[PDB]
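S.K.: Let me begin by handing over the structure; questions about it come next.
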Amino acid sequence: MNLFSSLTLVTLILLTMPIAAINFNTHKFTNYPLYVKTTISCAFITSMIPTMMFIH
Amino acid sequence: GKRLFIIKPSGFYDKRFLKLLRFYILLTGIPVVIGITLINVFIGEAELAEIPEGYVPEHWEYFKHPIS
Amino acid sequence: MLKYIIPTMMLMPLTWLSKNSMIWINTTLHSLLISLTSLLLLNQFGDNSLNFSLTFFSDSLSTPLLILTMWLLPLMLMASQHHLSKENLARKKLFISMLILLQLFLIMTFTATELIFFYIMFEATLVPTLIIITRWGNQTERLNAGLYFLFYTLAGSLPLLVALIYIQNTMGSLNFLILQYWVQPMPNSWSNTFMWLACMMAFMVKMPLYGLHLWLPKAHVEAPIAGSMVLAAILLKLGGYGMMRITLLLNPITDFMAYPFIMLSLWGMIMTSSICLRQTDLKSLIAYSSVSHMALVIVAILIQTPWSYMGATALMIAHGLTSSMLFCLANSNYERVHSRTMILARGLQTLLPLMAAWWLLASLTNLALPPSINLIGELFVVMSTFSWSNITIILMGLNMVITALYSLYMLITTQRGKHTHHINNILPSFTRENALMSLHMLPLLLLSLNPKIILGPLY
Amino acid sequence: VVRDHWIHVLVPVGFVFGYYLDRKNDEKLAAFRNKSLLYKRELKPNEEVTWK
Amino acid sequence: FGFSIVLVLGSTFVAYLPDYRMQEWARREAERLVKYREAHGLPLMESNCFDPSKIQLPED
Amino acid sequence: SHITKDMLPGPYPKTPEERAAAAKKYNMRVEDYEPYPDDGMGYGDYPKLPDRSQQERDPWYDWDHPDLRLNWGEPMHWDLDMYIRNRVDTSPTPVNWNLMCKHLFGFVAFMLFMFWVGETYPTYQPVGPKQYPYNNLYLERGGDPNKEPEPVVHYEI
Amino acid sequence: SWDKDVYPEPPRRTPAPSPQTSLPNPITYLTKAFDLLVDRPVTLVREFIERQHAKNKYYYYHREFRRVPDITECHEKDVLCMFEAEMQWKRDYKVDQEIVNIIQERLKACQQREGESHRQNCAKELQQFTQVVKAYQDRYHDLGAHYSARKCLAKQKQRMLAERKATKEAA
Amino acid sequence: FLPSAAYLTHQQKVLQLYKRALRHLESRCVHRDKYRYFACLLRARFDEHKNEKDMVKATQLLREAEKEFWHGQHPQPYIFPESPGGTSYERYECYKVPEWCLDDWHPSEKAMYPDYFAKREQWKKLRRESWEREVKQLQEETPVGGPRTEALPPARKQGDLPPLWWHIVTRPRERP
Amino acid sequence: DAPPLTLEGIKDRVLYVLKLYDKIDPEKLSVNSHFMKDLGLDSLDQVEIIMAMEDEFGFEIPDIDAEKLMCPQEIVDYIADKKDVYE
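Protein chains in written order, with the numbering used here: chain V, 52 to 107; chain U, 374 to 441; chain A, 546 to 1004; chain P, 97 to 148; chain F, 67 to 126; chain W, 2 to 158; chain G, 4 to 174; chain H, 146 to 321; chain L, 28 to 114.
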């Protein structure tokens, strides 16, 4: 099923983004920890779901 | 007098190099990728068909991708 | 490839008849033109090799080396200023034209259909680099270094000529294709033993093998930077390329007489990783590192396996890139402190803050970081040799451990821990040097994405 | 403008010259135009050639 | 002329280029030949890839 | 640009003048300037030092160099390349040397000896086999779905 | 699609749930959310792309061949005959590599679909895998690196001669 | 091995043994109260024969006391998290950038920090202007043919700065 | 990670923790007061002083500066050298 596959793939690919962001920024995220915190929060909330579907 | 002057080594040469690097890759990074996006949003690959009878094929048009 | 050869000649005389302060731009521009121009060659399709009449052919054993050399030319040239920049106009034009003529002989060598031609263009590779390192040898025994280089390369390479004329008048012409076709086995006599010993001994000296690896370190510590890179990358991987050519003949006697060479290469590879652990003299450690990598190459070539040949040419290309880069960073540090010793240049984390990132990236390519092409090469060498003898993985893994050890040691020794607070003469890093950094490592990672080009003919 | 600097005109003309020499080498090595066993078909139907 | 027109154009020219070593050609050909040897009943990949009727063994 | 005469050819002899010139050339104590002796191992006429040099020289003496424990005119010990801090810390040992090595190898031998005791004397619990249904689980071993049954059954207690 | 001739797939067997709960059903709420959010515009983008390439078309074919006769129908020198024989042989070698690739892909599929019923309904596919790989070990393995074509046929005579004499004495 | 003389003394060696034994007792003897007890015990054990006028008796019992100190030393003592060997030991060496630098900044950055760099300019002119006369004169005259010490006298002659002030005073803040 | 430090505050703190010690009087305690010359307290207990002030400020002053201070003002000088407290 497509949902479980796309959710695991975004729990990988939602981590790649901030490194390429600062290599393509040239400006200063002074709140760069806040940025990393919210992308890890998104990764956790999209990773709590497919485990529940898995054991479901 | 809370704040003091901390000594960075130098910034401008390093930032100038990285700025020129990303800009003068990006000068043909945007046109190339957007151009090939226009390729596979307009022309597309090919059909999967077979060699007809009475037909002498070129050595191209064996290929899916149109740029290739 | 004659459409690639005639601009290699006609790239020369413009450097003569250009006005002053304008030779540099013209050479760099036209070099990059020919870089793309011979990058267009890559249509090696499937079954056969690709041929051109009686002079030129292309496997996959030669095309990435060819593209690597024409990639090397702007890097070669652009490293090679600021130590001869204030010298004379005529001598500088002489130097640049000498490098161009050197590369013309290199391309003749890599697209050598015949083997007598290959010997002639082999010592044509030999001769100009002598002139370059001896005019600009930068230190006190450049005399000694050029002399060892010339007599080792001839007196190894010379009886290869007599062996190839012997093959000439026993099996007709020395095309690579007929020697693929009219080959017949040559049994365990003594004449086959001496013929194999002659050819493989010439190439052992070229690699170098460990038995004559004192050839290399003088030839690197007393060479200028362009000669250093060309010497290391193109000459040693060209020696490996020639062995890969002529090992197609002489099947059965290499089963007998291949034993002591592999033994010497293994144990001396370990002794070479031992010797580049404790020395001073920052430049020479990469030279002994190249000795160890080419011993690994030599194991790969003589064990005669398709995995081995694919990983071997992979290790050739990756080690050429990494060694040329790390020589360029050694040149940058010697531009800074004018020393060449190791314990003087210390610290440099704050000072030159992003030079450390390229040092780290080079030391990780020499680590065998795993997506890098270096580890693809070393890994497939280990797979093939474990099929070959099943206990030899001890020396392979110990080579891996000490290789990572000395590479990371040279990383954190020179450029980690404390500025020695008397220097006063480091400058923030020039845009030229960082431009050469991006010239090295972006094509390495873009090769790492799609490495289905660089594998061997037994793909 | 070209007689201002005729500098950068040399090696592209050299490349096109070498490409013409390769095509002339193709014309000079024009043996077995359809005389293989695996690549052997009818010269048909446009005009009188199989490859150049 | 070193980083823009060279590097990324070379990357686009080599990240997709024609079928090197006839690869996807060989994919489709092996697929159709597996279809052949399945639908014709005979076992796939018989030995004596050269004709065992066309052989001569010099005996004792 | 440097004087040739401040390099180091030859060994120690002759004992008045070459020792005098080498002691003035390296700037050490005169009679405690050591040749190795002329061991023939190369080694020229270079000095020998007390070999530890780095976890001695406590950092409160406050000399010049920060981490080499060096002060720009020193003998620059022949084996310094093995002696640097981060490489070999020749600290004065907290106990001994022989005591350390003997107790460590003895403890390893004691543990491996009792490991062999464990290898020869297992433990178990008063337990028999399991009771797998189809002749100790046929068709989920190697197979033979139509060839080889071996009849042996389970009986209850 | 693909060719289910070459790529067989087992029949789908999907069970159905049964609550027996009053939560009520969070995961159904979220999967309908996923479908009605993501699945509509991605399908519309698919539709747009299909039309805009359905204006005009290209065609690629499969390169098919003739058959050059043999290597043992070429003499001792015959460069204009051995060349055809070797190129036909080496292309056979490459397509046989992809044969072994496809059978290994089927074996991976059999390991994955069964879950932990390893020793059931994978006897067929692993068994034919062992059969084709026994053939490949016998035919293309012990020849080394510089294969031309003639080493294969010398191996061929060597194998059938040795097994002929062994079954001769053991007949 | 000290910047003043060569011999340390008897008294310096005794005193360094005192500091080491007391520090080891701090490490051995936690809860601090039985420590304070044993500190008075150690101070009394030095006071057992403080009365000695002798020298050979003092150094002989000092040697036996060194035996007694190494007899019961400690493996990982409470070394301070600033002392060498300790927890920090140039922990904050992350930004001890040397002060000879900052000459090589681009003039945009030297337009960013105007008054501080004008002050560094007048400091540097204060260095160069006051190097020839007084410093070169006191480095002609006051060095004897053997200097025989690791410490110089100040410019107490008439006027300005003592010599060698630069890479002694102008050291980094030890604090990023 | 950067507490406010003054010369007056650190001088009063050093004089405080001197004045808590037993065998010196709280009477004759001066910022200019030689421990060796004109107070008469012993050098051994002066190294006890050195030990306790090291333990309070959390860094060892060396043995080579465990010799030649003998007065609170140079003690404030050396602690201001290690801590770098000026404004």
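All C-beta atoms in this analysis are idealised placements derived from N, C-alpha and C, irrespective of residue type, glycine included.
1. Could you tell me which uninterrupted beta strand (DSSP E) segments, each at least 3 residues in length, are contained entirely in the region 66-99 of chain L, listed from first to last along the chain?
2. Would you check if the region 798-813 of chain A and the region 901-909 of chain A touch, i.e. whether three or more CB-CB distances between them fall below 8 Å?
3. For the pair the region 638-651 of chain A and the region 884-895 of chain A, tell me if three or more CB-CB distances fall below 8 Å.
4. Identify the contact partners of P/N130 in chain A, using a Cβ-Cβ distance below 9 Å as the criterion.
5. Under DSSP, the beta strand (DSSP E) around A/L595 begins and ends at which residues?
6. Between the region 64-94 of chain V and chain U, which residues of the former have a C-beta closer than 9 Å to a C-beta of the latter?
7. In chain U, what lies closer than 8 Å to F/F69 by C-beta?
8. Counting C-beta neighbours from all protein chains within 10 Å, is the total for A/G787 16 or more, i.e. buried, or is it exposed?
9. For the alpha helix (DSSP H) that contains A/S908, what are its first and last residues?
10. Taking only the alpha-carbon atoms, compute the straight-line gap between residue 102 of chain H and L/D39 and give it to the nearest angstrom.
11. Let me see if you follow: with CB-CB separation under 8 Å, is L/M97 close to chain H or not?
12. Looking only at its chain, what residues have a beta carbon closer than 6 Å to the beta carbon of A/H838, apart from the 5 residues adjacent to it on each side?
13. Quick check on the DSSP output: what are the complete alpha helix (DSSP H) runs of length 4 or more inside the region 563-598 of chain A, in order along the chain?
14. For the region 64-83 of chain W, enumerate the residues whose C-beta is nearer than 8 Å to any C-beta of chain A, in chain order.
15. For the region 575-590 of chain A and the region 101-109 of chain P, state whether three or more C-beta atom pairs, one from each stretch, are separated by less than 8 Å.
16. Under three-state DSSP, which class holds A/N720?
17. Could you pull the start and end residues of the beta strand (DSSP E) that A/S603 belongs to?
18. Suppose the cutoff is 8 Å on Cβ atoms and the five residues either side in sequence are ignored; what does the same chain contact list for A/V882 look like?
19. With the cut-off set at 8 Å, would you say A/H964 and H/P321 are in Cβ contact?
20. Could you list which residues in chain G have their beta carbon closer than 7 Å to that of A/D592, in chain order?
21. Within 8 Å, do at least three Cβ pairs link the region 120-129 of chain G to the region 614-626 of chain A?
22. Kindly list the residues whose CB is nearer than 8 Å to the CB of H/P308, restricted to its own chain and excluding five residues on each side of it in sequence; keep chain order.
23. Could you confirm whether any beta carbon from chain U is found closer than 8 Å to the beta carbon of A/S983?
24. Would you mind telling me which residues of chain G sit closer than 8 Å to A/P851, beta carbon to beta carbon, in chain order?
25. Classify A/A768: buried if its beta carbon has 16 or more other beta carbons within 10 angstroms, exposed otherwise.
26. Might you give, ordered along the chain, the residues of its own chain that have their beta carbon closer than 7 Å to the beta carbon of A/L584, omitting 5 neighbours on each side?
27. Do the region 867-883 of chain A and the region 768-784 of chain A touch if we need at least three Cβ pairs shorter than 8 Å?
28. I'd like to know whether the C-beta atoms of A/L617 and A/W681 end up nearer to each other than 8 Å.
29. Just checking, does the region 817-837 of chain A make contact with the region 732-739 of chain A on the three C-beta pairs under 8 Å criterion?
30. Would the beta-carbon of A/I918 fall within 8 Å of that of A/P996?
31. Run through chain C and tell me which residues come within less than 7 Å of A/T582, C-beta to C-beta.
32. Could you pull out every unbroken beta strand (DSSP E) segment of at least 3 residues lying fully inside the region 236-285 of chain H, listed in chain order?
33. Any contact of the region 746-754 of chain A with the region 712-726 of chain A, i.e. 3+ C-beta pairs under 8 Å?
34. Assuming P/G110 is part of the alpha helix (DSSP H), what are its boundary residues?
35. Excluding the 5 residues preceding and the 5 following U/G417 in the sequence, name in chain order all residues of the same chain whose CB lies nearer than 8 Å to its CB.
36. Kindly list, in the order they appear in chain A, the residues whose Cβ is closer than 8 Å to that of U/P382.
M.R.: Short version:
1. When DSSP assignments are scanned along the region 66-99 of chain L, no uninterrupted stretch of beta strand (DSSP E) that is 3 or more residues long falls wholly within it.
2. They do not touch, by the three-pair rule.
3. The region 638-651 of chain A vs the region 884-895 of chain A: no contact.
4. Going along chain A, no residue has its Cβ under 9 Å from P/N130, so there is no contact; the nearest lies around 18 Å.
5. Per DSSP, A/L595 belongs to the beta strand (DSSP E) from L595 to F597.
6. Sequence-ordered contacts of the region 64-94 of chain V with chain U read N74, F75 and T77 [C-beta pairs closer than 9 Å].
7. Going along chain U in sequence order, the residues near F/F69 (Cβ under 8 Å) are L394, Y397 and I398.
8. Buried is the call here.
9. A/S908 -> alpha helix (DSSP H) spans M900 to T910.
10. The requested residue 102 of chain H is not part of the displayed model; chain H covers only 146 to 321.
11. Judged by the 8 Å Cβ criterion, L/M97 is not in contact with chain H.
12. Here A/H838 has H864 as same chain residues with Cβ atoms under 6 Å from its own Cβ, once five neighbours each way along the sequence are excluded.
13. The DSSP assignment places 568-584 as complete runs of the alpha helix (DSSP H) inside the region 563-598 of chain A, in order along the chain (cut-off: 4 residues).
14. Those residues of the region 64-83 of chain W that come within reach of chain A (Cβ to Cβ, closer than 8 Å) are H66, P67, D68, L69, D82 and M83.
15. Enough Cβ pairs lie closer than 8 Å, so yes.
16. Correct three-state label for A/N720: strand.
17. Here the beta strand (DSSP E) through A/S603 covers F601 to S603.
18. Cβ neighbours of A/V882 beyond the five flanking positions: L889, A890, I968, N970 and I971.
19. Not a contact, by the Cβ cut-off of 8 Å.
20. Within chain G, the residues near A/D592 are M90, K93 and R94.
21. Fewer than three Cβ pairs drawn from the region 614-626 of chain A and the region 120-129 of chain G lie within less than 8 Å of each other, which leaves the two stretches out of contact.
22. Excluding sequence neighbours, H/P308 sits near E279, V280, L283, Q284, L297 and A300.
23. True, the Cβ-Cβ gap to chain U drops below 8 Å.
24. From the beta-carbon of A/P851, the residues of chain G found nearer than 8 Å are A148.
25. Buried is the label assigned to A/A768, since at least 16 other Cβ atoms lie within 10 Å of its Cβ.
26. Excluding five sequence positions before and after A/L584, the CB atoms of its chain that fall closer than 7 Å to its own CB belong to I612, given in chain order.
27. Yes, they touch.
28. A/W681 is positioned such that its CB atom lies no closer than 8 Å to that of A/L617.
29. Contact between the region 817-837 of chain A and the region 732-739 of chain A is absent, because fewer than three Cβ pairs lie under 8 Å.
30. Cβ atoms of A/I918 and A/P996: closer than 8 Å.
31. The structure shown contains no chain C; its protein chains are V, U, A, P, F, W, G, H and L.
32. The DSSP assignment places no complete beta strand (DSSP E) segment of no fewer than 3 residues inside the region 236-285 of chain H.
33. Counting C-beta pairs with one atom in each stretch, the region 746-754 of chain A and the region 712-726 of chain A have fewer than three that are closer than 8 Å, which means they do not touch.
34. Taken as a continuous stretch (DSSP letters only), the alpha helix (DSSP H) holding P/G110 covers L106 to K124.
35. Within the same chain, U/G417 has close Cβ partners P439.
36. What U/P382 touches in chain A: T895, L896, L897, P898 and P973.
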